[PDB]
>>> print(open('structure-v5.pdb').read())   # PDB, C-alpha atoms
MODEL        1
ATOM      1  CA  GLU D  64     111.037  19.855   8.132  1.00  0.00           C
ATOM      2  CA  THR D  65     113.017  19.818   4.845  1.00  0.00           C
ATOM      3  CA  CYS D  66     112.591  19.128   1.129  1.00  0.00           C
ATOM      4  CA  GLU D  67     115.521  16.702   1.187  1.00  0.00           C
ATOM      5  CA  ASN D  68     114.492  13.057   0.982  1.00  0.00           C
ATOM      6  CA  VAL D  69     110.902  14.012   0.103  1.00  0.00           C
ATOM      7  CA  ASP D  70     109.578  12.582  -3.165  1.00  0.00           C
ATOM      8  CA  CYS D  71     106.467  14.379  -4.412  1.00  0.00           C
ATOM      9  CA  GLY D  72     105.963  12.083  -7.400  1.00  0.00           C
ATOM     10  CA  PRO D  73     105.574  12.829 -11.088  1.00  0.00           C
ATOM     11  CA  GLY D  74     104.424  16.325 -12.009  1.00  0.00           C
ATOM     12  CA  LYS D  75     105.204  17.720  -8.557  1.00  0.00           C
ATOM     13  CA  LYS D  76     108.292  19.143  -6.876  1.00  0.00           C
ATOM     14  CA  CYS D  77     108.931  19.984  -3.220  1.00  0.00           C
ATOM     15  CA  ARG D  78     109.163  23.568  -2.076  1.00  0.00           C
ATOM     16  CA  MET D  79     109.383  25.376   1.251  1.00  0.00           C
ATOM     17  CA  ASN D  80     106.522  27.774   1.863  1.00  0.00           C
ATOM     18  CA  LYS D  81     106.587  31.034   3.813  1.00  0.00           C
ATOM     19  CA  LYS D  82     106.422  28.992   6.988  1.00  0.00           C
ATOM     20  CA  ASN D  83     109.495  26.811   6.317  1.00  0.00           C
ATOM     21  CA  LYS D  84     107.333  23.801   5.700  1.00  0.00           C
ATOM     22  CA  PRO D  85     108.030  21.621   2.651  1.00  0.00           C
ATOM     23  CA  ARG D  86     105.048  21.244   0.327  1.00  0.00           C
ATOM     24  CA  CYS D  87     104.396  19.373  -2.906  1.00  0.00           C
ATOM     25  CA  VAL D  88     103.480  21.944  -5.501  1.00  0.00           C
ATOM     26  CA  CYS D  89     102.264  21.312  -9.031  1.00  0.00           C
ATOM     27  CA  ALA D  90     105.321  21.383 -11.352  1.00  0.00           C
ATOM     28  CA  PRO D  91     104.165  19.723 -14.564  1.00  0.00           C
ATOM     29  CA  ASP D  92     106.687  18.778 -17.226  1.00  0.00           C
ATOM     30  CA  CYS D  93     105.905  20.435 -20.566  1.00  0.00           C
ATOM     31  CA  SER D  94     108.734  19.187 -22.731  1.00  0.00           C
ATOM     32  CA  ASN D  95     106.469  16.826 -24.655  1.00  0.00           C
ATOM     33  CA  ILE D  96     104.197  19.680 -25.860  1.00  0.00           C
ATOM     34  CA  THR D  97     103.917  20.411 -29.576  1.00  0.00           C
ATOM     35  CA  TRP D  98     101.888  23.576 -30.098  1.00  0.00           C
ATOM     36  CA  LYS D  99     103.477  26.375 -28.163  1.00  0.00           C
ATOM     37  CA  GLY D 100     100.783  29.033 -28.570  1.00  0.00           C
ATOM     38  CA  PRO D 101      97.598  29.735 -26.622  1.00  0.00           C
ATOM     39  CA  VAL D 102      95.106  26.931 -26.254  1.00  0.00           C
ATOM     40  CA  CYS D 103      91.400  26.777 -25.530  1.00  0.00           C
ATOM     41  CA  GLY D 104      90.545  24.639 -22.502  1.00  0.00           C
ATOM     42  CA  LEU D 105      87.610  22.327 -22.136  1.00  0.00           C
ATOM     43  CA  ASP D 106      86.407  24.876 -19.528  1.00  0.00           C
ATOM     44  CA  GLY D 107      86.021  27.465 -22.258  1.00  0.00           C
ATOM     45  CA  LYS D 108      88.920  29.538 -21.007  1.00  0.00           C
ATOM     46  CA  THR D 109      91.995  30.408 -23.031  1.00  0.00           C
ATOM     47  CA  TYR D 110      95.430  29.517 -21.553  1.00  0.00           C
ATOM     48  CA  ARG D 111      98.560  31.361 -22.650  1.00  0.00           C
ATOM     49  CA  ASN D 112      99.937  27.941 -23.439  1.00  0.00           C
ATOM     50  CA  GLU D 113      99.398  24.236 -22.691  1.00  0.00           C
ATOM     51  CA  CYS D 114     101.936  24.240 -19.926  1.00  0.00           C
ATOM     52  CA  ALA D 115      99.653  26.553 -17.984  1.00  0.00           C
ATOM     53  CA  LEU D 116      96.608  24.429 -18.721  1.00  0.00           C
ATOM     54  CA  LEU D 117      98.452  21.459 -17.211  1.00  0.00           C
ATOM     55  CA  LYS D 118      99.309  23.443 -14.141  1.00  0.00           C
ATOM     56  CA  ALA D 119      95.668  24.345 -13.654  1.00  0.00           C
ATOM     57  CA  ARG D 120      94.621  20.802 -14.303  1.00  0.00           C
ATOM     58  CA  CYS D 121      96.912  19.647 -11.527  1.00  0.00           C
ATOM     59  CA  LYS D 122      95.950  22.476  -9.088  1.00  0.00           C
ATOM     60  CA  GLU D 123      92.150  22.613  -9.519  1.00  0.00           C
ATOM     61  CA  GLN D 124      90.586  20.906 -12.570  1.00  0.00           C
ATOM     62  CA  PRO D 125      91.409  17.184 -13.079  1.00  0.00           C
ATOM     63  CA  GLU D 126      89.310  16.758 -16.191  1.00  0.00           C
ATOM     64  CA  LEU D 127      90.830  19.756 -17.923  1.00  0.00           C
ATOM     65  CA  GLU D 128      92.275  19.426 -21.419  1.00  0.00           C
ATOM     66  CA  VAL D 129      92.774  21.307 -24.597  1.00  0.00           C
ATOM     67  CA  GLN D 130      89.603  21.332 -26.717  1.00  0.00           C
ATOM     68  CA  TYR D 131      91.364  23.176 -29.599  1.00  0.00           C
ATOM     69  CA  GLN D 132      94.379  25.235 -30.516  1.00  0.00           C
ATOM     70  CA  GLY D 133      94.305  29.014 -30.384  1.00  0.00           C
ATOM     71  CA  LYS D 134      92.224  31.274 -28.225  1.00  0.00           C
ATOM     72  CA  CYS D 135      88.728  30.414 -27.103  1.00  0.00           C
ATOM     73  CA  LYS D 136      85.809  32.196 -28.755  1.00  0.00           C
TER      74      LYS D 136
ENDMDL
END
>>> encode(input="structure-v5.pdb", output="structure tokens")
Amino acid sequence: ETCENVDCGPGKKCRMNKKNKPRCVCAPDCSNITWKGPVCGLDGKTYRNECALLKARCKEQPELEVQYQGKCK
């Protein structure tokens, strides 16, 4: 019933939802990133930046990566 003493692991952080229940939500660390502009994902969708691609990777697509820098065609 609280975020205290709850370890979500790497890439996740605990957060209380609208029901006062602690949940592990995707909170990827993006400090290691080099290119800071938009990136084209292996799903063919552009992401405003890699940080966002990592969030989506963690939330829905495990095999998602950057297939090239810049916007997708």
>>> axis_aligned_box(input="structure-v5.pdb", around="range 122-133 of chain D", padding_each_side="8 Å", output="lines of an AutoDock Vina configuration file")
center_x = 92.6
center_y = 22.9
center_z = -19.8
size_x = 22.6
size_y = 28.3
size_z = 37.4
>>> atom_distance(input="structure-v5.pdb", atom1="CA of residue 79 in chain D", atom2="CA of residue 128 in chain D")
29.0 Å
>>> resolve_selection(input="structure-v5.pdb", expression="the PyMOL selection byres ((chain D and resi 104) around 6)", output="list in words")
residues 103, 105, 106, 107, 108, 109, 128, 129 and 130 of chain D
>>> closest_residue(input="structure-v5.pdb", among="D:111, D:68, D:116, D:102", to="residue 132 in chain D", atoms="all atoms listed in the file")
D:102
>>> atom_distance(input="structure-v5.pdb", atom1="CA of residue 86 in chain D", atom2="CA of residue 99 in chain D")
29.0 Å
>>> decode(input="structure-v5.pdb", residues="range 83-116 of chain D", atoms="N, CA, C and O atoms", output="mmCIF file, in the first residue's frame")
data_model
loop_
_atom_site.group_PDB
_atom_site.id
_atom_site.type_symbol
_atom_site.label_atom_id
_atom_site.label_comp_id
_atom_site.auth_asym_id
_atom_site.auth_seq_id
_atom_site.Cartn_x
_atom_site.Cartn_y
_atom_site.Cartn_z
ATOM 1 N N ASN D 83 -4.430 4.930 -5.444
ATOM 2 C CA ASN D 83 -3.535 4.809 -4.293
ATOM 3 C C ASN D 83 -2.848 3.469 -4.206
ATOM 4 O O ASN D 83 -2.463 3.015 -3.129
ATOM 5 N N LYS D 84 -2.655 2.842 -5.358
ATOM 6 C CA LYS D 84 -1.917 1.598 -5.383
ATOM 7 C C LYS D 84 -0.556 1.854 -6.071
ATOM 8 O O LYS D 84 -0.491 2.450 -7.146
ATOM 9 N N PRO D 85 0.523 1.434 -5.437
ATOM 10 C CA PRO D 85 1.839 1.552 -6.034
ATOM 11 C C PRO D 85 1.969 0.611 -7.234
ATOM 12 O O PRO D 85 1.530 -0.526 -7.180
ATOM 13 N N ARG D 86 2.547 1.124 -8.310
ATOM 14 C CA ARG D 86 2.770 0.400 -9.533
ATOM 15 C C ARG D 86 4.158 0.685 -10.116
ATOM 16 O O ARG D 86 4.698 1.773 -10.001
ATOM 17 N N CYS D 87 4.720 -0.296 -10.781
ATOM 18 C CA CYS D 87 6.030 -0.140 -11.392
ATOM 19 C C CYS D 87 5.825 0.342 -12.828
ATOM 20 O O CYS D 87 5.282 -0.375 -13.651
ATOM 21 N N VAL D 88 6.151 1.592 -13.079
ATOM 22 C CA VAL D 88 5.983 2.147 -14.384
ATOM 23 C C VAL D 88 7.324 2.335 -15.071
ATOM 24 O O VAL D 88 8.330 2.599 -14.443
ATOM 25 N N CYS D 89 7.308 2.169 -16.384
ATOM 26 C CA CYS D 89 8.502 2.285 -17.208
ATOM 27 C C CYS D 89 9.098 3.688 -17.063
ATOM 28 O O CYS D 89 8.444 4.686 -17.372
ATOM 29 N N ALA D 90 10.314 3.728 -16.538
ATOM 30 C CA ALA D 90 11.098 4.974 -16.332
ATOM 31 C C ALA D 90 12.544 4.748 -16.787
ATOM 32 O O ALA D 90 13.471 4.680 -15.991
ATOM 33 N N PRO D 91 12.736 4.600 -18.077
ATOM 34 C CA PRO D 91 14.049 4.285 -18.617
ATOM 35 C C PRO D 91 15.080 5.387 -18.413
ATOM 36 O O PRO D 91 14.788 6.536 -18.408
ATOM 37 N N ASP D 92 16.312 5.018 -18.217
ATOM 38 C CA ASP D 92 17.348 6.053 -18.042
ATOM 39 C C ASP D 92 17.929 6.380 -19.399
ATOM 40 O O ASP D 92 18.332 5.461 -20.074
ATOM 41 N N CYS D 93 17.990 7.648 -19.780
ATOM 42 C CA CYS D 93 18.445 8.031 -21.106
ATOM 43 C C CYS D 93 19.687 8.857 -21.124
ATOM 44 O O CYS D 93 19.929 9.558 -22.060
ATOM 45 N N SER D 94 20.463 8.780 -20.073
ATOM 46 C CA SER D 94 21.678 9.575 -19.916
ATOM 47 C C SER D 94 22.830 9.094 -20.761
ATOM 48 O O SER D 94 23.748 9.849 -20.975
ATOM 49 N N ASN D 95 22.751 7.858 -21.246
ATOM 50 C CA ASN D 95 23.790 7.256 -22.054
ATOM 51 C C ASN D 95 23.618 7.533 -23.542
ATOM 52 O O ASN D 95 24.500 7.162 -24.336
ATOM 53 N N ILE D 96 22.494 8.158 -23.909
ATOM 54 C CA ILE D 96 22.140 8.446 -25.313
ATOM 55 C C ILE D 96 23.147 9.372 -25.997
ATOM 56 O O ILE D 96 23.771 10.178 -25.374
ATOM 57 N N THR D 97 23.361 9.242 -27.287
ATOM 58 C CA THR D 97 24.243 10.184 -27.954
ATOM 59 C C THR D 97 23.459 11.158 -28.823
ATOM 60 O O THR D 97 23.462 12.345 -28.617
ATOM 61 N N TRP D 98 22.846 10.651 -29.860
ATOM 62 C CA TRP D 98 21.991 11.487 -30.717
ATOM 63 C C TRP D 98 20.772 11.951 -29.925
ATOM 64 O O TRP D 98 20.104 11.183 -29.288
ATOM 65 N N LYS D 99 20.486 13.227 -29.972
ATOM 66 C CA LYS D 99 19.379 13.724 -29.207
ATOM 67 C C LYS D 99 18.176 14.100 -30.061
ATOM 68 O O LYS D 99 17.183 14.561 -29.529
ATOM 69 N N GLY D 100 18.247 13.894 -31.365
ATOM 70 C CA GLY D 100 17.147 14.230 -32.247
ATOM 71 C C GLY D 100 16.190 13.080 -32.478
ATOM 72 O O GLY D 100 16.290 12.032 -31.846
ATOM 73 N N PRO D 101 15.250 13.244 -33.397
ATOM 74 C CA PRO D 101 14.295 12.164 -33.671
ATOM 75 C C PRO D 101 15.012 10.935 -34.229
ATOM 76 O O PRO D 101 16.112 11.079 -34.747
ATOM 77 N N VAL D 102 14.411 9.770 -34.041
ATOM 78 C CA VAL D 102 14.976 8.546 -34.481
ATOM 79 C C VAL D 102 13.878 7.716 -35.121
ATOM 80 O O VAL D 102 12.705 7.844 -34.805
ATOM 81 N N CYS D 103 14.273 6.895 -36.057
ATOM 82 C CA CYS D 103 13.362 6.008 -36.770
ATOM 83 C C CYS D 103 13.424 4.624 -36.181
ATOM 84 O O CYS D 103 14.436 3.949 -36.310
ATOM 85 N N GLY D 104 12.316 4.150 -35.586
ATOM 86 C CA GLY D 104 12.259 2.844 -34.970
ATOM 87 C C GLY D 104 12.162 1.675 -35.903
ATOM 88 O O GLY D 104 11.735 1.780 -37.007
ATOM 89 N N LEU D 105 12.559 0.510 -35.436
ATOM 90 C CA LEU D 105 12.493 -0.675 -36.257
ATOM 91 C C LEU D 105 11.014 -1.016 -36.574
ATOM 92 O O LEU D 105 10.728 -1.937 -37.313
ATOM 93 N N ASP D 106 10.079 -0.273 -36.022
ATOM 94 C CA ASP D 106 8.659 -0.494 -36.354
ATOM 95 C C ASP D 106 8.225 0.427 -37.478
ATOM 96 O O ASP D 106 7.063 0.412 -37.886
ATOM 97 N N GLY D 107 9.158 1.234 -37.967
ATOM 98 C CA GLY D 107 8.868 2.164 -39.037
ATOM 99 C C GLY D 107 8.251 3.478 -38.633
ATOM 100 O O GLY D 107 7.849 4.274 -39.489
ATOM 101 N N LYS D 108 8.178 3.677 -37.328
ATOM 102 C CA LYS D 108 7.618 4.892 -36.743
ATOM 103 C C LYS D 108 8.747 5.751 -36.203
ATOM 104 O O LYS D 108 9.747 5.232 -35.688
ATOM 105 N N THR D 109 8.608 7.046 -36.424
ATOM 106 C CA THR D 109 9.511 8.061 -35.911
ATOM 107 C C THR D 109 9.204 8.287 -34.440
ATOM 108 O O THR D 109 8.058 8.184 -34.076
ATOM 109 N N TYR D 110 10.236 8.517 -33.620
ATOM 110 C CA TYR D 110 10.118 8.870 -32.203
ATOM 111 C C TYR D 110 10.812 10.195 -32.024
ATOM 112 O O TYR D 110 11.915 10.386 -32.539
ATOM 113 N N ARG D 111 10.178 11.124 -31.309
ATOM 114 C CA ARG D 111 10.760 12.434 -31.067
ATOM 115 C C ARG D 111 12.168 12.342 -30.607
ATOM 116 O O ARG D 111 12.936 13.238 -30.905
ATOM 117 N N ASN D 112 12.509 11.285 -29.886
ATOM 118 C CA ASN D 112 13.896 11.052 -29.497
ATOM 119 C C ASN D 112 14.051 9.616 -29.034
ATOM 120 O O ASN D 112 13.062 8.911 -28.916
ATOM 121 N N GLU D 113 15.272 9.174 -28.755
ATOM 122 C CA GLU D 113 15.497 7.779 -28.356
ATOM 123 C C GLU D 113 14.933 7.425 -27.002
ATOM 124 O O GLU D 113 14.566 6.275 -26.753
ATOM 125 N N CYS D 114 14.875 8.418 -26.130
ATOM 126 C CA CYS D 114 14.341 8.238 -24.814
ATOM 127 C C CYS D 114 12.918 7.705 -24.888
ATOM 128 O O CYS D 114 12.533 6.763 -24.168
ATOM 129 N N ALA D 115 12.152 8.293 -25.805
ATOM 130 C CA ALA D 115 10.780 7.866 -26.046
ATOM 131 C C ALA D 115 10.701 6.480 -26.659
ATOM 132 O O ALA D 115 9.802 5.685 -26.312
ATOM 133 N N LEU D 116 11.615 6.175 -27.564
ATOM 134 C CA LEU D 116 11.648 4.827 -28.129
ATOM 135 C C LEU D 116 11.893 3.825 -27.024
ATOM 136 O O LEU D 116 11.273 2.793 -27.020
#
